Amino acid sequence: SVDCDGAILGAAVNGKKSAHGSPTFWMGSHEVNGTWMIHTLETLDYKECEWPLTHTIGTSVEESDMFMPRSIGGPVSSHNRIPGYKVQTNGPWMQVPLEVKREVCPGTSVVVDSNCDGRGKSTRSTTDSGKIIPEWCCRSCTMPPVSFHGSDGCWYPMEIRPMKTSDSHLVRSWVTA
């Protein structure tokens, strides 16, 4: 119900490139194959506020197609999207400072398999004793996998699930955005 401070916000488009930005936030997007998608996403801060429409490029989306949820500052825009992933309602958004990469978490692997579990809470690549979880799957996300690199290490999006692992030592995000 509250917009973020538009006085310190910016956005820009030029040809096939775009960006939404603030001193604690940066989302860089391109157009590839006629589709706009995120290539850069950095957050130094977690806050519950909404990107003002006055500073939004191409307001468009079915909200579920956004990547960064609207309630924590994600621009309601076609530019805020990653093909193969849907809105990260329970993403690791509190693990700031964060950056998104298209890259396997260290020591892990992700396979696309329709038999994999569906979307769940975002999960860290390491257990609560710092042991790496080697094998992950997703039903239909696009490769190379989306990964969040944040304060306490590497996290996967909702789509990507841990395999062959006890649940009790998993680390999940508390975010409900």
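Don't overthink the numbering: it's just position in the shown sequence, from 1.
Mean C-alpha B-factor is higher over 165-173 than over the other stretch, the pair under comparison being 165-173 and 150-158. For the pair 52-60 and 65-73, the mean B factor over Cα atoms is greater in 52-60. Ranking 47, 39, 121, 124 by Cα temperature factor from the entry places 47 first. Compared with the other modelled residues of the chain, the Cα B-factor recorded for residue 32 ranks in the highest third. When the modelled residues of the chain are ordered by their C-alpha B factor, residue 21 lands in the lowest third.
The PDB entry assigns residue 130 a C-alpha temperature factor belonging to the highest third of its chain's modelled residues. Sorting the modelled residues of the chain by their CA temperature factor places residue 116 in the highest third.
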